[PDB]
> 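Sharing a structure below in structure tokens format, with a few things to ask.
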Amino acid sequence: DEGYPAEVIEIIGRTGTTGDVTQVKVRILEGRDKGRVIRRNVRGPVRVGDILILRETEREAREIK
Amino acid sequence: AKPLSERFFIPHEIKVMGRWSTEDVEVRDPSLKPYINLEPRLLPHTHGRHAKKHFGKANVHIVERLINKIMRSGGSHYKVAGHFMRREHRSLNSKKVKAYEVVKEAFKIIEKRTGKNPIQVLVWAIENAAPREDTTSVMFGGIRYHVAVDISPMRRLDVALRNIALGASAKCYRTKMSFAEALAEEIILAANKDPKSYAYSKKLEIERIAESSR
Amino acid sequence: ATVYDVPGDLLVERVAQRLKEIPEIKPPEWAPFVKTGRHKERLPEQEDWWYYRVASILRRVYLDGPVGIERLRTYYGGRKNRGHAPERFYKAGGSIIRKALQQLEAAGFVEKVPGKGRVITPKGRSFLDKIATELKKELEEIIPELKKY
Amino acid sequence: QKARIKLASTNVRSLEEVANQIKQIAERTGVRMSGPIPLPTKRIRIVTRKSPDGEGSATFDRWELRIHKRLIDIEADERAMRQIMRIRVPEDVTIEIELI
Amino acid sequence: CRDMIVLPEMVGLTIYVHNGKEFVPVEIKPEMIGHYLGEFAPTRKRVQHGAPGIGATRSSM
Amino acid sequence: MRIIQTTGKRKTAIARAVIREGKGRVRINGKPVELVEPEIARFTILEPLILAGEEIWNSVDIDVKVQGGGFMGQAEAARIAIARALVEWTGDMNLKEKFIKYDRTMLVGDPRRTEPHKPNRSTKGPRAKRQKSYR
Amino acid sequence: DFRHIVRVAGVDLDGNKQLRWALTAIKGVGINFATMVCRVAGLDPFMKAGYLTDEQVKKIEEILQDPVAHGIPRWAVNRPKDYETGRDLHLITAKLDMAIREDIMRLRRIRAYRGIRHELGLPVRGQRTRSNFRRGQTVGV
RNA sequence: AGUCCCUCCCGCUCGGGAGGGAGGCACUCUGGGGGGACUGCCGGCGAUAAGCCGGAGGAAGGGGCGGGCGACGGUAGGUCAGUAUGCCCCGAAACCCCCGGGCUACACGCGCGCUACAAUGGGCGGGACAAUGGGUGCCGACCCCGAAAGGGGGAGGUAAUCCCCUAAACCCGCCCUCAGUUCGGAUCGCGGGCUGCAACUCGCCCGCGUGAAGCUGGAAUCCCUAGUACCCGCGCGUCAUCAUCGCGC
Ligand SMILES: [Mg+2]
Ligand SMILES: [Mg+2]
Ligand SMILES: [Mg+2]
Ligand SMILES: [Mg+2]
Ligand SMILES: [Mg+2]
Ligand SMILES: [Mg+2]
Ligand SMILES: [Mg+2]
Ligand SMILES: [Mg+2]
């Protein structure tokens with residue numbers, strides 16, 4: 001109902017139709033799967049050290065080249 | 001009308017507009033914590049020296065961000081509440097004095113109506129109006145589809161501020177309400193998660209659409 | 001205390017109120033029917049605008065003398081709305097300013113420097129500075145920082 | 001008892017040469033000379049359409065002509081007055097002498 | 001002289017004012033005092049429009 | 001009898017400031033600084049004085065002559081001149097360090113100027129252009 | 001005292017408006033002329049129109065009959081140097097309308113250029129007619 | 001700016017201001033010469049090269065920022081109606097002058113714009129701060145007359161000296177309170193002026209009166225990355241008079 005914070009640890013690359021989406025690796029900070037590292041797609045400027053609020057932590061983005 | 005003590009006001013401490021302190025304001029959201037600048041500062045006017053550098057807007061006081069956000073016309077090339085709002089010559093663009101006065105009066109109204117520190121109410125409003133999930137578009141067979149993605153904190157802050165400004169602009173358009181009153185009303189409504197707030201309803205709709213397309 | 005120590009508009013208001021006691025200052029007979037310049041649209045709304053204009057002219061002469069009719073005409077001009085055409089700047093008329101200056105001279109507040117314009121006499125300087133001092137004495141009760149000046 | 005000299009030219013170097021000659025003439029004698037004062041430069045700017053016809057995108061030329069000026073004051077002494085009266089200026093330098 | 005001003009002593013006469021290609025007759029009436037002669041000799045013919053031609057609209061080109 | 005002169009520039013506005021021992025009176029073109037309007041312009045000038053402290057403020061007198069530019073450009077030049085005069089008069093590096101943290105431009109100035117206009121709708125700006133049509 | 005409707009010179013005036021703006025309902029009286037007549041009559045232009053008395057209305061109508069005789073300048077009337085009598089007159093309501101109609105009819109009788117332009121319903125003061133002044137329906141090719 | 005002298009104001013003068021004369025080149029400015037930034041220093045990636053990414057110090061940091069200069073050619077692109085020029089035509093008219101008309105017409109389609117559809121306002125009184133340019137067939141301060149537009153004299157200026165030249169958006173106080181209105185100002189009537197040899201066709205300005213459509217705009221589609229875009233006025237060109245334009249500030 002409030003989501004789970006995750007911390008960005010690595011930048012992979014740009015993607016999307018018009019280069020608007022970035023793929024990152026994040027580490028869960030709270031919840032059932034705290035400590036796991038998964039990759040995600042993010043819209044907007046982002047840098048290492050930012051914190052995202054995920055609404056669910058079971059979907060993983062498909063790897064890009 | 002306005003008393004002489006207010007027309008010629010002399011400050012003596014470094015605090016926002018010489019009237020309010022941000023010592024006890026706290027940001028609950030961990031993600032927006034490093035992007036809401038609350039350092040002590042008297043005059044919120046940095047003369048646009050931050051836009052040059054990447055991530056430069058991070059270290060700009062939040063009140064000046066609001067002032068810049070409302071310094072606009074409002075409805076140029078898309079409709080807000082079903083209307084174009086093209087102010088043109090009568091628009092507030094490039095008049096930072098009038099926007100400063102509007103924000104000051106709105107803060108006075110907010111403090112009078114609730115009895116709390118206005119900066120705290122503003123922080124609560126932007127916290128409640130910032131979405132957490134968005135979508136991006138793909139094209140297949142001549143049809144447009146949505147795919148759910150996540151939002152970075154800085155974009156969340158930008159969207160929250162823009163939606164608050166747009167709601168305030170829409171409330172005072174061709175009605176008897178004034179701009180300052182509309183801004184105060186919008187902030188108060190957004191702080192209480194009231195659906196009558198434009199920003200809160202917009203956030204709810206965005207998150208619903210994002211959820212229905214995972 | 002001098003004229004430089006007080007806001008202009010408050011001083012103009014006080015001087016306009018005080019000027020009604022001088023017998024030599026009287027609005028002309030065509031005063032109730034005219035506008036204050038070609039760039040205006042409607043007649044003045046105050047029933048005693050003549051005294052306000054005269055006080056403003058006196059304070060203007062105090063600060064920028066010597067000065068003549070044309071530069072004052074430039075000062076009292078403004079922007080005009082021209083229907084379907086873009087707005088433009090225009091000067092004001094001459095009769096009001098000339099009559100006001102002649103009345104002020106008859107009152108002994110200004111004098112004429114040949115080929116240069118009009119300047120403020122010692123009597124007029126004292127008249128303005130006394131009112132300025134009174135206004136500053138009233139004003140600093142609510143703004144304590146003015147006691148230093 | 002003082003003479004005022006005005007110089008103007010479109011070439012900076014010739015102006016400097018004439019000024020230096022006057023300065024040396026004043027130095028070789030006991031006579032006080034107020035230094036060469038540089039006055040603001042005259043700029044003549046003319047903007048014209050390029051094409052002879054009216055077809056195509058509109059482009060413009062900006063031609064410019066610059067005129068430099070100097071001012072010198074010196075006290076009227078006949079021993080030095082004759083020397084400066086006999087100096088020969090280049091054809092692109094204008095000189096004017098007056099007594100004040 | 002299309003720019004001659006009508007005077008009271010001219011009332012009662014008839015004058016032929018050039019209009020570009022011909023002289024048209026004008027009978028001077030008392031109420032014409034103060035007007036130029038050319039006001040009574042029109043130079044253009046009244047317009048009666050025909051059918052729009054090819055190129056008059058976007059689709060007709 | 002110390003007298004110190006300083007200069008400030010901001011987009012065609014030029015300010016010259018003179019500082020000496022005094023009682024705390026500051027004048028801008030002869031007007032007391034407490035009467036400057038509008039408020040947003042008044043606070044621009046007052047920030048260096050508030051940062052310095054009340055003890056330093058009440059021990060000096062400052063007179064500023066400023067010309068050129070607009071009502072907002074003139075205030076900033078006066079602010080720059082006052083900051084430089086303050087750091088030079090007291091000559092302590094704690095205050096100089098504090099100014100740089102709060103606002104660097106107080107001491108280094110602002111080099112921005114307008115960009116000259118270009119053809120194709122010259123009167124509007126160097127980059128704004130006429131609307132383009134195809135039919 | 002207060003009356004919500006006051007009739008002056010055959011026109012009903014609002015009683016809740018200021019007198020200077022209430023008087024503008026009369027055809028032939030603008031805001032400036034109304035202020036002039038209010039000042040000549042010795043009445044505050046900002047008073048409510050509903051506080052007028054009968055004598056004041058009579059005085060106002062009398063002033064409206066012959067303004068020049070009551071101190072209004074000759075250059076402020078709407079018909080100076082009348083074409084028939086040669087005097088300076090001010091007209092309102094029907095008389096104004098029939099005076100304008102008579103002027104246009106006089107222009108038409110002598111077959112002057114402006115008379116023809118009035119007859120044909122075309123611009124009179126020298127405007128261009130190729131682009132603007134279009135009032136009709138599109139014709140097809 | 002500091003220093004000296006004289007005169008005048010204020011809380012009566014301890015103190016605080018404004019002019020004028022001496023005097024000075026400090027500060028601003030003007031314009032000649034010179035210095036300063038080089039991937040030079042530090043840490044990574046790449047190859048240990050070429051380079052790239054990130055920091056210190058600095059007025060300025062990675063073509064420092066904005067302009068001028070457009071290769072061999074093509075486009076049978078535009079211009080013989082700027083001037084130069086071959087051929088063909090007219091050569092007592094298709095050459096040269098003068099008078100009056102037209103290029104300004106008006107069921108209609110289209111381009112670029114200005115003014116608005118109001119409170120992020122309209123009106124009235126008062127208070128603030130520029131730059132670029134131009135002036136002898138000319139710019140004209142200062143005085144007088146007039147309600148305004150304008151009129152009669154006229155210092156100084158061939159100009160860092162005199163003049164155009166005390167910008168508007170902005171701020172303070174009062175009236176109007178969501179209405180086709182105190183929004184909008186098209187159209188038309190009467191009257192007064194300027195330039196010019198001449199103002200009807202066919203000029204520009206002022207006073208009073210009158211008061212049209214318009215209540216935010218479908219499908220479509222344009223400009224812009226920092227002192228940039230938006231908003232606000234000003235200067236020059238054209239020019240006897242006339243700017244909703246061009247080039248600049
Ligand atoms: Mg004004
Ligand atoms: Mg307008
Ligand atoms: Mg610009
Ligand atoms: Mg071809
Ligand atoms: Mg044509
Ligand atoms: Mg209106
Ligand atoms: Mg005509
Ligand atoms: Mg409406």
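Atom set for the values below is all heavy atoms of this structure, side chains included, hydrogens, waters and symmetry mates excluded. Throughout, protein chains are lettered first and strands after them, A, B, ... in sequence-line order, and every chain is numbered starting at 1.
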> Under 5.5 Å between six-ring centres and under 30° between planes, true for H:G61 and H:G62?
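Both cut-offs are satisfied, so the bases of these neighbours are stacked.
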
> Any chance the bases of neighbours H:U7 and H:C8 are stacked, by the 5.5 Å centre and 30° plane criterion?
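Base stacking between H:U7 and H:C8: present.
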
> In the structure shown, which nucleotide is the Watson-Crick or G-U wobble counterpart of H:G121, with both distances under 3.5 Å?
H:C176

> B:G48 near the nucleic acid: base, sugar-phosphate alone, or nothing, with a heavy-atom cut-off under 4.0 Å?
base

> Is C:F33 touching bases, backbone alone, or none of the nucleic acid, heavy atoms closer than 4.0 Å?
nothing

> Classify the sugar of H:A47 as north or south, using the sign of the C1'-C2'-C3'-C4' torsion: positive means north, negative means south.
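That sugar belongs to the south family, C2'-endo side.
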
> Indicate, with a heavy-atom threshold strictly under 4.0 Å, whether F:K9 touches base, sugar-phosphate, or nothing.
sugar-phosphate

> Looking across every strand, which nucleic acid part, if any, lies under 4.0 Å from G:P123 by heavy atom: base, sugar-phosphate, or nothing?
sugar-phosphate

> Measure from the side-chain N and O atoms of G:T24 to the backbone N and O of G:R20, and report whether any donor-acceptor pair falls under 3.5 Å.
no

> Which residues pass the side-chain contact (heavy atoms from CB on, under 4.5 Å) test with G:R74, sequence neighbours left out?
G:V68, G:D88

> Categorize G:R106 for me: base, sugar-phosphate, or nothing, with a 4.0 angstrom heavy-atom threshold over every strand shown.
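Answer is nothing: G:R106 stays at 4.0 Å or more from every strand.
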
> Using purine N1 to pyrimidine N3 plus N6-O4 or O6-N4 for Watson-Crick, or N1-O2 and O6-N3 for G-U wobble, both under 3.5 Å, which nucleotide pairs with H:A198?
none

> Does E:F40 reach a base, just sugar-phosphate, or nothing at all? Heavy atoms under 4.0 Å.
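If one applies the 4.0 Å heavy-atom cut-off, E:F40 turns out to touch nothing in the nucleic acid.
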
> Can you give me the first and the last nucleotide of RNA chain H (5' to 3') that has an atom within less than 4.0 angstrom of a non-hydrogen atom in chain G?
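Endpoints of the contacted stretch of RNA chain H: H:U104 to H:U210.
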
> How is the sugar of H:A198 puckered by the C1'-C2'-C3'-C4' sign, north or south?
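North (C3'-endo side).
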
> Below 4.5 Å, heavy atoms only, C-beta onward: do C:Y75 and C:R60 meet side chain to side chain?
yes

> Just to be sure I understand the rule, does G:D88 reach a base, reach only the sugar-phosphate, or reach nothing, if contact means heavy atoms closer than 4.0 Å?
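The answer is nothing, as G:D88 stays clear of every strand by at least 4.0 Å.
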
> H:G54 pairs with which nucleotide, Watson-Crick or G-U wobble, both distances below 3.5 Å?
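Pairing partner: H:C42.
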
> Please state whether B:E88 reaches the major or the minor groove, judged by side-chain heavy atoms lying under 5.0 Å from groove-edge base atoms.
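B:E88: major-groove side, under 5.0 Å.
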
> Hey, which of these two, E:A41 or C:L63, hits RNA chain H nearer its 5' end, going by closest nucleotide?
C:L63

